[PDB]
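The structure appears below as structure tokens.
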Amino acid sequence: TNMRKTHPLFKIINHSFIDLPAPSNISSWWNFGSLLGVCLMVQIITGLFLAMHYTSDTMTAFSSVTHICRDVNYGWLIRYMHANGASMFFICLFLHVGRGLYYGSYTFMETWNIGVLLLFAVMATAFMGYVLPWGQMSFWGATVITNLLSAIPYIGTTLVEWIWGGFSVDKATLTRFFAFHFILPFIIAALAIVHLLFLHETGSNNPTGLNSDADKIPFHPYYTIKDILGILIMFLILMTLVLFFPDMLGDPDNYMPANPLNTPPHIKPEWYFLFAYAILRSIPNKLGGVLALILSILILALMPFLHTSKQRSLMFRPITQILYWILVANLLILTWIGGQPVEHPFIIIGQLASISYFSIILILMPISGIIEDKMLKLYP
Amino acid sequence: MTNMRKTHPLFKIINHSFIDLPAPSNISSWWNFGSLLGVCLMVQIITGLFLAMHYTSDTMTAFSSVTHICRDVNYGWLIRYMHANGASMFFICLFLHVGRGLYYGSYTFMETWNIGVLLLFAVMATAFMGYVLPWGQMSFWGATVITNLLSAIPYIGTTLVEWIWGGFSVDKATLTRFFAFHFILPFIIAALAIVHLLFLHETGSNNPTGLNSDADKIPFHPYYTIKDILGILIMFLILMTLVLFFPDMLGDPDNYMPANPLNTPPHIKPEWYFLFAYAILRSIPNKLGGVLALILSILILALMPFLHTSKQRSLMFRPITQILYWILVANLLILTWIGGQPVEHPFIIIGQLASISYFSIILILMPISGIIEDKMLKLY
Amino acid sequence: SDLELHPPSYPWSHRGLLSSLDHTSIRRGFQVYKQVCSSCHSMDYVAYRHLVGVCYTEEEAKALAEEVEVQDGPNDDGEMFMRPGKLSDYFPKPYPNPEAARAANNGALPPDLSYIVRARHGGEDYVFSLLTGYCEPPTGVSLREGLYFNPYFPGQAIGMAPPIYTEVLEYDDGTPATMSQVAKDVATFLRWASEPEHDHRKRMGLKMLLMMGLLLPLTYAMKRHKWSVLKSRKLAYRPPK
Amino acid sequence: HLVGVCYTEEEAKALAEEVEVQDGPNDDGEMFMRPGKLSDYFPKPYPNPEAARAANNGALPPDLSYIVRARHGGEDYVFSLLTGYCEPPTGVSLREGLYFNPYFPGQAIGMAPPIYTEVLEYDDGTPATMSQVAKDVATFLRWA
Amino acid sequence: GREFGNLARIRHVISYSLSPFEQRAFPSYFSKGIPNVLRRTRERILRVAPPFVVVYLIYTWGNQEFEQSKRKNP
Amino acid sequence: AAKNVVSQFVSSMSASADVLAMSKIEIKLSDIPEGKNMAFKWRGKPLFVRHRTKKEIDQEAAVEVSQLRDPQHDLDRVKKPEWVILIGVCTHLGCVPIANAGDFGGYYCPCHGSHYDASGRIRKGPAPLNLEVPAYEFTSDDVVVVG
Ligand SMILES: CCCCCCCCCCCCCCCCCC(=O)OC[C@H](COP(=O)(O)OCCN)OC(=O)CCCCCCCCCCCCCCCCC
Ligand code: HEC
Ligand code: HEC
Ligand code: HEM
Ligand code: HEM
Ligand code: HEM
Ligand code: HEM
Ligand code: FES
């Protein structure tokens, strides 16, 4: 008789958010993915209120951005909220991925694959969105990334000309990047619905890695109020970042208009790309660097086939815990190296960091799992 | 082993919706039309995406960008005129779909009907703002006329219209926000259509007889799949002979001039899918009353579930209400013809009689005819 | 040269977390820009209406806008004509195109100073270090004529002549116009020119800090209520053996 | 836009280099007067519509880029307008600077009758009668 | 499909809970929190901290080596 | 907090400071004599303003209302009949009318030959309507602010 279990619109809400059985012991890290959804929604809303005054022509892009920040009522709040929300979105995304790696959540293979497709989509969305304000570093980072994407033999030059709409980054590139940056978050939202559907088919994972069917609680009100508290905390960091220091994560050189004649002495993207850029500087080969970038994103999708243990989480695997924190440390090292000049000693440090990164993910972690199985009297 | 079609968590939805969905065997070609609408919707989106790749929402560079699409972009004329003529064909399929729902008694599915009315409002708003977008003379003056009749609302109309405008008249703020809203609205229409199909699939579809069709039901594949491919190809035939042979028989010549606030056209009218609404508006000598009558015309279309006073669902065995239905359809054709005419003799009295007969047939004469055939068949 | 010199951290009155700008300094720096810096540099994104309620009143900014001529038009015979400036007009260009700016300044283009403290590392401190930092070049370097030695400019070869000296202009409020005072005032004004929303942003940040300091413990209290339903749960086992 | 339609690249290049186009600015910061190129648009007679109204006595001559598609009748309207200049009937008086064309709305156009017999010379030896010139320019405006 | 009532088979387990209106929201907060925070820190600090310590060391070494590289070589 | 942020976004959708700057910043001066009509640029449109006399007030009041192509009397146009403030735009094609001409001493459109009176009512031409009177507010009598 009740509309919660009978009405077909409310039935999906009931079985996804109200009466969904959830483990009672999942920590605050399980907030983060839900935070990601809110971040995406927030970005879309702010993006819509940025689309109401942005003009996507090269003569009136930077001027339209200054008109947003100077004449539109609280347009500075909307634009800097959009930029710092993108940064906080990548913070939540990195912690969501690292939690999936630590607690063995990649055994949900379809959920993991939809996740890495979402990661590729949001990285492309962020890159094109940074191209959009048409600053100096926007135009020069776009030119650098596309002309290194031109490194595929016999296909690369035609592909980068068709991506550019011409010989370089120009008005056609800006218009098509505005259209593509508009269209991508809705595809991201649909893929997030498929992500949640693939998760809810099999249930979620607890930090101990055991079977949580012995003790499960309804999602409401427990994780409802936990997610509300997480949303409030995320809004605290986001509003502190937008209302006190709007430029620790930005670049001053993007406040100059785009000059094709002038190249900057240092060209770098944002920090969530920077470590990948460090890998892109690690190998002195064009095509090898491009494949290093693509495999540096795709070995996360490869890791469900790298599980050689009979225990799921890392809570009872201390050597792989140490090696995982060495991996996160190496990621911080690569993030620092990516924003450094191409000069000694950063070359050998970046090469050592990339070698350590691929060695830890590819080689050392299954060996650590095998010897942990041997020491627990499991492996022959 | 297992059946991958029925057990995969993603393929189960496609299997339940388009493969093994039980459908009535005796549904006619009108049951193609709604599926065609969905196809036409995504066609619009695809063409719109490419029209978003070369268009600049700015009053100095909107008309010039449209001419640049028509002349300089490779096959840009084809995609633009496909977008416009597919909008017209989208409304053709819309009116035939709604007329199918009215004739065959498909409005007894009340939640599906009201969701469809919401989709109808959303697509009308999308087409209105999209017609404003190329910034011709008729675009600017039609936007001015619609916003002035919105400003006819007492004590909140002026504030609402200067907040919709972003200023004291139609300017580049209005153009940019109309571009943003015209971009974002079809994805809302797509999600709402997903809800529309969800409610229909949990309530089942209707046969033209109106009887219980559970005795003779067939899978959607491979009958209605190939029937809808044939309908899609016929819809492509009409759309392609409209785009390739008569590109401007439905278009407005005065839209091919740049927008001038100083010069007003001698005749101002909206497009042909707004003309019956405009003729209903123009008949009543009260602007608040005219807007009230327009909104309540679409709302009595929404209210049509509550006027069903007959024991038979469809109009297949109800010839008096069939006659009244065709009087209503011909009256809609008359209102469409009057809406493109000026306020001269004898169009005022004809339009007033047309609107009076339209509201009388929808509200009064159809339940009276239903009661008359109920008595006349000894039903009560 | 390749080696650089980072500017230090000067203790501005707006350096703090909630400390707003000094609007008298912004007014004095606007007078500095109008009297000194407007001959070579432009302020394309700041109009005369932005000064109303920040440094000047409505009539004072109206007089400031009326003091300069704007090429408006076209007239009914299709001609450009001079008109007195109004409040809706932006600050006037020194040169119509950057090519004449490069011609009149020996190749170097003076940048538009609407974001010059937002587009430089170190902010307006660097601007202060550019203005009070001119010195005699050391032995070893011999820069080309038309250039000047500034150790804070990258490459240490700036095309800008030193524009500030003592009593370069007069102040209407009787403040002594030393070179350091003029540089500090124009740095405050250029900080305002990049962030007109600075004081409002800090006020909203103060309200946010108080508001979140109110609502983090309260939301934590409701969470601890609903989850202390479960956090005192006691479980026991009764096997029949 | 004329190459591959009516002219070769050499003929269209000569047509572009016939007319002069303002371009610049130079390194000194001044606008110079260069010969035209293939990428250049067609030269405007007036820089702004105000001098257009001044030179043509208030009336602004419109852009004939979509003048076929902006008018009912298409090129039939252009052909009837150019070959329909007739004397006004009795009962209506026409002031100086206006001309009677019945196909114009209001029937008092401000355009002086532009074409007559042998108004120009054709390259291919076609007899340049008024109706032939009007038909050719209507075909060209339909192409435009 | 995977709702309550058929998740797992559990026998002979007794569970006790109170109303939230009978128990405190923060019962003995720091007296049982600071020992538990110190205990969790004790169990995890030797596996978390030394990678970040050696990252800090490599970062400071790289900064000073960059500054020595920019320095003159008489 | 929710009411505040909803107010922020709603105020963002409203009219910006740039479009609010282009209105209500016009100052009509007192150095304009009797009978001298000039155009100001208001909201992207020409605006004719002229100072008149009582003779033209009585002349415009002598014109009836019911026989007009567009019925409007002089007091319903302006509450100060000695100041005439209209929009100098031809309502048919968009030309610029020329004031202080004709039988009644008003606007003249040269593109087609339209004759207007001093108030702005249609008297000859293809224009089917009058000239729209903009709203205004009263400062000290030297200065009137249109809009
Ligand atoms: C007889 C055939 C002679 C020719 C031979 C060739 C063959 C032709 C077909 C023969 C068919 C034989 C019979 C089989 C068909 C079924 C019966 C049928 O259709 O009968 C005709 C029908 C009778 O009415 P019926 O619906 O059967 O029942 C009503 C209750 N007495 O009658 C009707 O439906 C008549 C409907 C008339 C409607 C007139 C409407 C007038 C007003 C219109 C206003 C509309 C516009 C309003 C605008 C207002 C604003 C300006
Ligand atoms: C004409 C003599 C000028 C006067 C007056 C002012 N400036 Fe200038 N400035 C001028 C030139 C030719 C240049 C470019 C020199 C170059 O090598 O690029 C500049 C540059 C600046 C800059 C930018 C410095 C940078 O690192 O990008 C700033 C911040 C600057 N000038 C400040 C400034 C101020 C505050 C002035 C008023 C006192 C001022 N300038 C006047 C030429 C001239
Ligand atoms: C200067 C004497 C002109 C010559 C040479 C040509 N035209 Fe013209 N035309 C002229 C003016 C001042 C106007 C303005 C409208 C008016 O009131 O007269 C026009 C208008 C046109 C139009 C538009 C007609 C309409 O109804 O909008 C067309 C289609 C047109 N003119 C065609 C045309 C052609 C084909 C010409 C070359 C033979 C030509 N004009 C020359 C003035 C002048
Ligand atoms: C469909 C929704 C979105 C729209 C309409 C949108 C629109 C815009 C616009 C107009 C800009 C340029 C204005 C500016 O300078 O900030 C922009 C910038 C940006 N966007 Fe988005 N965006 C959307 C979603 C996203 C998402 C999901 C991300 C995160 C991946 C994102 C990341 C960015 C970034 C990083 C910038 C650059 C910020 C800056 O340089 O100022 N956007 N976006
Ligand atoms: C686009 C950004 C993303 C969004 C919006 C998103 C959304 C979500 C949501 C809502 C959940 C369920 C709540 C939760 O468990 O925390 C979830 C869980 C999960 N996500 Fe994501 N996710 C994103 C990115 C990713 C990526 C990149 C991966 C792959 C590394 C991933 C893998 C997972 C996994 C494995 C789980 C389930 C683990 C568990 O529930 O214990 N997600 N995600
Ligand atoms: C999200 C998908 C869509 C996008 C991105 C989009 C984008 C655009 C753009 C850029 C224009 C201006 C181009 C031009 O007309 O010269 C336009 C025009 C138009 N659009 Fe859309 N549109 C979309 C969906 C739709 C839909 C669903 C309809 C309704 C069926 C529609 C109806 C129109 C109409 C009537 C025009 C005016 C065409 C004309 O110039 O005559 N659009 N659209
Ligand atoms: C906006 C575009 C629309 C789309 C894409 C759409 C889509 C569909 C589809 C795919 C079906 C199932 C196939 C069929 O039986 O025709 C359907 C059926 C239906 N729709 Fe829509 N629809 C649209 C507009 C509307 C509107 C405006 C209404 C309300 C008047 C409406 C009411 C219905 C009803 C009542 C049915 C069930 C009819 C039956 O199956 O017997 N739809 N629609
Ligand atoms: S053009 Fe002015 S009255 Fe017709």
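By convention in this document, the chains of the structure tokens carry letters A, B, ... by their order, each chain's residues are numbered from 1, and ligands are numbered from 1 in the order they are shown.
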
Counting only C-alpha atoms and all ligand atoms, which protein, DNA or RNA residues come within 8 Å of ligand 3, given as a PyMOL selection string?
-> (chain D and resi 53+56-62+64+67-68+71+77-78+81-82+98+103-105+108-115+134+137-138+141) or (chain F and resi 111-112)

Keeping only N, CA and C atoms, write the selected residues to a file as a CSV table (one decimal), in the first residue's frame.
chain,number,residue,atom,x,y,z
D,53,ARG,N,23.4,55.9,-45.3
D,53,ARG,CA,22.1,56.6,-45.3
D,53,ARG,C,22.4,58.1,-45.8
D,56,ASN,N,22.8,58.1,-49.7
D,56,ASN,CA,21.7,57.6,-50.4
D,56,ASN,C,20.4,58.3,-49.9
D,57,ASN,N,20.5,59.5,-49.3
D,57,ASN,CA,19.4,60.3,-48.8
D,57,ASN,C,18.5,59.6,-47.9
D,58,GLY,N,19.1,59.2,-46.7
D,58,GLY,CA,18.3,58.5,-45.7
D,58,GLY,C,18.1,57.0,-45.8
D,59,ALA,N,17.8,56.6,-47.0
D,59,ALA,CA,17.6,55.1,-47.2
D,59,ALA,C,18.9,54.4,-47.2
D,60,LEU,N,18.9,53.3,-46.5
D,60,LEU,CA,20.1,52.4,-46.4
D,60,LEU,C,20.0,51.3,-47.4
D,61,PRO,N,20.9,51.2,-48.4
D,61,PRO,CA,20.9,50.1,-49.3
D,61,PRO,C,21.3,48.8,-48.6
D,62,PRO,N,20.5,47.8,-48.7
D,62,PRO,CA,20.7,46.6,-47.9
D,62,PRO,C,21.8,45.7,-48.4
D,64,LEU,N,23.0,42.6,-50.1
D,64,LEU,CA,22.5,41.6,-51.1
D,64,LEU,C,23.2,40.3,-51.0
D,67,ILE,N,19.5,38.5,-50.2
D,67,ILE,CA,18.3,39.3,-50.6
D,67,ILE,C,17.3,38.4,-51.4
D,68,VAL,N,17.7,37.3,-51.9
D,68,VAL,CA,16.8,36.4,-52.5
D,68,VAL,C,16.0,35.7,-51.4
D,71,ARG,N,13.3,37.9,-49.1
D,71,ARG,CA,12.1,38.5,-49.7
D,71,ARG,C,11.2,37.4,-50.2
D,77,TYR,N,11.1,38.4,-57.3
D,77,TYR,CA,10.9,39.8,-56.7
D,77,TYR,C,11.9,40.7,-57.2
D,78,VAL,N,13.2,40.2,-57.3
D,78,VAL,CA,14.3,41.1,-57.8
D,78,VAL,C,14.1,41.4,-59.2
D,81,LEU,N,11.3,43.8,-59.6
D,81,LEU,CA,11.6,45.1,-59.1
D,81,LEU,C,12.5,45.9,-60.0
D,82,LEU,N,13.5,45.2,-60.7
D,82,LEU,CA,14.4,45.9,-61.6
D,82,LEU,C,13.8,46.2,-62.9
D,98,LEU,N,12.2,59.9,-54.7
D,98,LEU,CA,11.5,58.6,-54.6
D,98,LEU,C,11.0,58.2,-56.0
D,103,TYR,N,6.2,46.8,-57.1
D,103,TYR,CA,6.5,45.6,-56.3
D,103,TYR,C,7.2,45.9,-55.0
D,104,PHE,N,7.6,47.1,-54.8
D,104,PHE,CA,8.1,47.6,-53.5
D,104,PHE,C,7.0,47.8,-52.6
D,105,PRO,N,7.1,47.4,-51.3
D,105,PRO,CA,6.0,47.7,-50.3
D,105,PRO,C,5.9,49.2,-50.1
D,108,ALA,N,6.7,53.2,-53.3
D,108,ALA,CA,7.6,54.4,-53.5
D,108,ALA,C,9.0,54.1,-53.0
D,109,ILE,N,9.8,53.5,-53.9
D,109,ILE,CA,11.1,53.1,-53.6
D,109,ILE,C,12.1,54.3,-53.7
D,110,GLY,N,13.2,54.2,-52.9
D,110,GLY,CA,14.2,55.2,-52.9
D,110,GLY,C,15.4,54.9,-53.8
D,111,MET,N,15.3,53.8,-54.6
D,111,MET,CA,16.4,53.4,-55.4
D,111,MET,C,16.3,54.0,-56.8
D,112,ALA,N,17.3,54.7,-57.3
D,112,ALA,CA,17.2,55.1,-58.7
D,112,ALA,C,17.3,53.9,-59.6
D,113,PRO,N,16.6,53.9,-60.8
D,113,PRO,CA,16.6,52.7,-61.7
D,113,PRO,C,17.9,52.4,-62.2
D,114,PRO,N,18.5,51.3,-61.8
D,114,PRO,CA,20.0,51.1,-62.0
D,114,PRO,C,20.4,50.5,-63.3
D,115,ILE,N,19.5,49.8,-64.0
D,115,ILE,CA,19.8,49.1,-65.2
D,115,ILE,C,19.0,49.6,-66.3
D,134,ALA,N,18.9,41.9,-66.0
D,134,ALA,CA,18.2,41.6,-64.8
D,134,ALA,C,18.1,40.1,-64.5
D,137,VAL,N,21.6,39.0,-63.2
D,137,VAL,CA,21.8,39.5,-61.8
D,137,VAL,C,20.9,38.7,-60.9
D,138,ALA,N,19.7,38.3,-61.3
D,138,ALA,CA,18.8,37.5,-60.5
D,138,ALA,C,19.4,36.1,-60.3
D,141,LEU,N,22.3,36.6,-57.8
D,141,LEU,CA,21.9,36.7,-56.5
D,141,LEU,C,21.3,35.5,-55.9
F,111,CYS,N,12.9,58.9,-45.9
F,111,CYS,CA,13.0,57.6,-46.7
F,111,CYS,C,11.7,57.4,-47.5
F,112,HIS,N,10.6,57.8,-47.0
F,112,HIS,CA,9.3,57.6,-47.6
F,112,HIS,C,8.4,58.8,-47.6

(message) I need the alpha helix (DSSP H) residues of range 89-196 of chain A per DSSP on the backbone, written as JSON, numbers by chain.
(response) {"A": [89, 90, 91, 92, 93, 94, 95, 96, 97, 98, 99, 100, 101, 102, 109, 110, 111, 112, 113, 114, 115, 116, 117, 118, 119, 120, 121, 122, 123, 124, 125, 126, 127, 128, 129, 130, 131, 136, 137, 138, 139, 140, 141, 142, 143, 144, 145, 146, 147, 148, 149, 156, 157, 158, 159, 160, 161, 162, 163, 164, 171, 172, 173, 174, 175, 176, 177, 178, 179, 180, 181, 182, 183, 184, 185, 186, 187, 188, 189, 190, 191, 192, 193, 194, 195, 196]}

Item to check | Selection within 7 Å of ligand 5 by only C-alpha atoms and all ligand atoms, output as JSON, numbers by chain | outcome: {"A": [30, 31, 32, 33, 34, 36, 37, 40, 93, 96, 97, 100, 105, 106, 108, 111, 112, 113, 115, 116, 118, 119, 122, 188, 192, 195, 196, 199, 204, 205, 206, 300]}

Got time to write the residues from that selection, N, CA and C atoms, as a JSON list (two decimals), in the first residue's frame?
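Final output, result09.json:
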[["chain", "number", "residue", "atom", "x", "y", "z"],
["A", 30, "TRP", "N", 34.67, 5.77, 2.46],
["A", 30, "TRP", "CA", 33.50, 5.44, 1.66],
["A", 30, "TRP", "C", 32.55, 6.61, 1.46],
["A", 31, "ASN", "N", 32.76, 7.73, 2.17],
["A", 31, "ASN", "CA", 32.06, 8.96, 1.84],
["A", 31, "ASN", "C", 32.42, 9.46, 0.45],
["A", 32, "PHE", "N", 33.69, 9.27, 0.04],
["A", 32, "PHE", "CA", 34.31, 10.13, -0.98],
["A", 32, "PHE", "C", 33.63, 10.01, -2.34],
["A", 33, "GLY", "N", 33.28, 8.78, -2.73],
["A", 33, "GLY", "CA", 32.60, 8.58, -4.00],
["A", 33, "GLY", "C", 31.26, 9.29, -4.07],
["A", 34, "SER", "N", 30.50, 9.25, -2.96],
["A", 34, "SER", "CA", 29.26, 10.01, -2.88],
["A", 34, "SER", "C", 29.54, 11.50, -2.99],
["A", 36, "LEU", "N", 31.94, 12.75, -4.65],
["A", 36, "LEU", "CA", 32.25, 12.96, -6.06],
["A", 36, "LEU", "C", 31.00, 13.29, -6.84],
["A", 37, "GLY", "N", 29.90, 12.56, -6.57],
["A", 37, "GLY", "CA", 28.65, 12.83, -7.25],
["A", 37, "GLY", "C", 28.15, 14.23, -6.97],
["A", 40, "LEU", "N", 30.25, 16.66, -8.82],
["A", 40, "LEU", "CA", 29.86, 16.70, -10.23],
["A", 40, "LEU", "C", 28.62, 17.55, -10.41],
["A", 93, "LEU", "N", 38.41, 12.36, -6.26],
["A", 93, "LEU", "CA", 38.62, 11.28, -7.23],
["A", 93, "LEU", "C", 39.89, 10.49, -6.93],
["A", 96, "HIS", "N", 39.22, 8.43, -3.81],
["A", 96, "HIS", "CA", 38.32, 7.35, -4.18],
["A", 96, "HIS", "C", 39.07, 6.21, -4.87],
["A", 97, "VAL", "N", 39.95, 6.55, -5.82],
["A", 97, "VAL", "CA", 40.76, 5.55, -6.51],
["A", 97, "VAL", "C", 41.72, 4.86, -5.55],
["A", 100, "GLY", "N", 39.90, 2.45, -3.42],
["A", 100, "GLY", "CA", 39.61, 1.25, -4.18],
["A", 100, "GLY", "C", 40.81, 0.35, -4.34],
["A", 105, "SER", "N", 38.98, -3.26, -3.80],
["A", 105, "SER", "CA", 37.68, -3.04, -4.41],
["A", 105, "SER", "C", 37.69, -3.26, -5.92],
["A", 106, "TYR", "N", 38.83, -3.62, -6.50],
["A", 106, "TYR", "CA", 38.91, -3.87, -7.93],
["A", 106, "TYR", "C", 38.43, -5.26, -8.32],
["A", 108, "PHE", "N", 35.37, -6.08, -8.03],
["A", 108, "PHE", "CA", 34.21, -5.68, -8.79],
["A", 108, "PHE", "C", 34.69, -5.15, -10.14],
["A", 111, "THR", "N", 32.49, -2.57, -12.30],
["A", 111, "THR", "CA", 32.49, -1.29, -11.60],
["A", 111, "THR", "C", 33.82, -0.58, -11.76],
["A", 112, "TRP", "N", 34.92, -1.33, -11.69],
["A", 112, "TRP", "CA", 36.26, -0.76, -11.89],
["A", 112, "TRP", "C", 36.45, -0.25, -13.31],
["A", 113, "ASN", "N", 35.93, -0.98, -14.30],
["A", 113, "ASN", "CA", 36.10, -0.56, -15.69],
["A", 113, "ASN", "C", 35.26, 0.67, -16.02],
["A", 115, "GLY", "N", 34.54, 2.82, -13.79],
["A", 115, "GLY", "CA", 35.29, 3.85, -13.10],
["A", 115, "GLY", "C", 36.43, 4.42, -13.92],
["A", 116, "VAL", "N", 37.24, 3.55, -14.54],
["A", 116, "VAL", "CA", 38.39, 4.08, -15.28],
["A", 116, "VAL", "C", 37.94, 4.79, -16.56],
["A", 118, "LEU", "N", 35.19, 6.61, -16.53],
["A", 118, "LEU", "CA", 34.81, 7.89, -15.93],
["A", 118, "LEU", "C", 36.03, 8.76, -15.67],
["A", 119, "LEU", "N", 37.14, 8.14, -15.26],
["A", 119, "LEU", "CA", 38.38, 8.87, -15.01],
["A", 119, "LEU", "C", 38.93, 9.50, -16.28],
["A", 122, "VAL", "N", 36.57, 12.49, -17.15],
["A", 122, "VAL", "CA", 36.71, 13.70, -16.35],
["A", 122, "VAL", "C", 38.07, 14.36, -16.57],
["A", 188, "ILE", "N", 29.19, 11.74, -18.31],
["A", 188, "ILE", "CA", 29.78, 11.35, -17.03],
["A", 188, "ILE", "C", 28.69, 10.97, -16.03],
["A", 192, "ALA", "N", 28.02, 7.41, -14.39],
["A", 192, "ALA", "CA", 27.95, 7.27, -12.94],
["A", 192, "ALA", "C", 26.72, 6.49, -12.51],
["A", 195, "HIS", "N", 27.70, 3.03, -13.19],
["A", 195, "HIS", "CA", 28.64, 2.71, -12.12],
["A", 195, "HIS", "C", 27.92, 2.26, -10.85],
["A", 196, "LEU", "N", 26.92, 3.04, -10.43],
["A", 196, "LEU", "CA", 26.15, 2.71, -9.23],
["A", 196, "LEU", "C", 25.31, 1.46, -9.43],
["A", 199, "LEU", "N", 27.57, -1.49, -9.12],
["A", 199, "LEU", "CA", 27.90, -1.71, -7.71],
["A", 199, "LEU", "C", 26.74, -2.36, -6.97],
["A", 204, "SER", "N", 28.42, -3.60, -1.74],
["A", 204, "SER", "CA", 29.65, -2.84, -1.55],
["A", 204, "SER", "C", 30.63, -3.61, -0.67],
["A", 205, "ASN", "N", 31.80, -3.01, -0.47],
["A", 205, "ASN", "CA", 32.91, -3.65, 0.21],
["A", 205, "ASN", "C", 33.17, -2.96, 1.54],
["A", 206, "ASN", "N", 33.50, -3.74, 2.55],
["A", 206, "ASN", "CA", 33.87, -3.32, 3.89],
["A", 206, "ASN", "C", 35.38, -3.23, 4.01],
["A", 300, "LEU", "N", 45.76, 0.89, -13.89],
["A", 300, "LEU", "CA", 44.71, 0.77, -12.88],
["A", 300, "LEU", "C", 43.61, -0.17, -13.34]]

Between chain B and ligand 8, at 12 Å or less, what are the per-residue closest atom pairs and their distances in Å? Count only C-alpha atoms and all ligand atoms, order by chain and rising residue number, and return it as JSON lines.
{"residue": "B:262", "atom": "CA", "partner": "ligand 8", "partner_atom_place_in_ligand_line": "2 (Fe)", "distance": 11.4}
{"residue": "B:263", "atom": "CA", "partner": "ligand 8", "partner_atom_place_in_ligand_line": "1 (S)", "distance": 9.6}
{"residue": "B:264", "atom": "CA", "partner": "ligand 8", "partner_atom_place_in_ligand_line": "1 (S)", "distance": 11.3}
{"residue": "B:265", "atom": "CA", "partner": "ligand 8", "partner_atom_place_in_ligand_line": "4 (Fe)", "distance": 12.0}
{"residue": "B:266", "atom": "CA", "partner": "ligand 8", "partner_atom_place_in_ligand_line": "4 (Fe)", "distance": 11.2}

**Message:** If the cut-off is 8 Å, can you tell me the residues of chain A near chain E, counting only C-alpha atoms? I'd like them as number ranges by chain.
**Reply:** A: 15, 19-21, 201, 213-214, 318, 321-322, 325-326, 329-330, 332-333, 344-346

Show me, as a ChimeraX atom specification, every residue of chain E with an atom at most 8 Å from chain C, counting only C-alpha atoms.
/E:12-20,23-26,70

task = Find the residues in chain B near chain A: any atom within 7 Å counts, using only C-alpha atoms. Write them as JSON, numbers by chain.
result = {"B": [9, 49, 52, 53, 54, 56, 57, 58, 173, 176, 177, 180]}

Please list as a short mmCIF file (atom, residue, chain, number, x, y, z; two decimals) with C-alpha atoms, in the first residue's frame every residue within 9 Å of residue 164 in chain C, counting only C-alpha atoms and excluding residues in the same chain fewer than 6 positions away.
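The resulting file, result-v6.cif, is reproduced below:
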data_model
loop_
_atom_site.label_atom_id
_atom_site.label_comp_id
_atom_site.auth_asym_id
_atom_site.auth_seq_id
_atom_site.Cartn_x
_atom_site.Cartn_y
_atom_site.Cartn_z
CA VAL C 36 51.76 59.00 -14.02
CA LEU C 131 59.24 50.35 -8.71
CA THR C 132 61.59 50.99 -5.78
CA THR C 178 57.76 60.10 -1.36
CA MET C 179 58.70 57.44 -3.90
CA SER C 180 58.03 54.55 -1.51
CA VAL C 182 53.62 56.44 -4.19
CA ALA C 183 54.76 52.90 -5.03
#

Among D:142, D:1, D:135, D:17, chain B is approached most closely, using only C-alpha atoms, by D:1

Please run DSSP on the backbone and report, as a list in words, all residues within range 1-53 of chain E that come out as strand (DSSP E or B).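 Filtering range 1-53 of chain E down to strand (DSSP E or B) leaves residues 13, 14, 15 and 16 of chain E.
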
Item to complete: For residue 282 in chain A, work out the shell of residues within 9 Å, counting only C-alpha atoms and skipping chain neighbours fewer than 6 positions away, then give it as a ChimeraX atom specification.
Response: /A:289,292,347-348,350-354
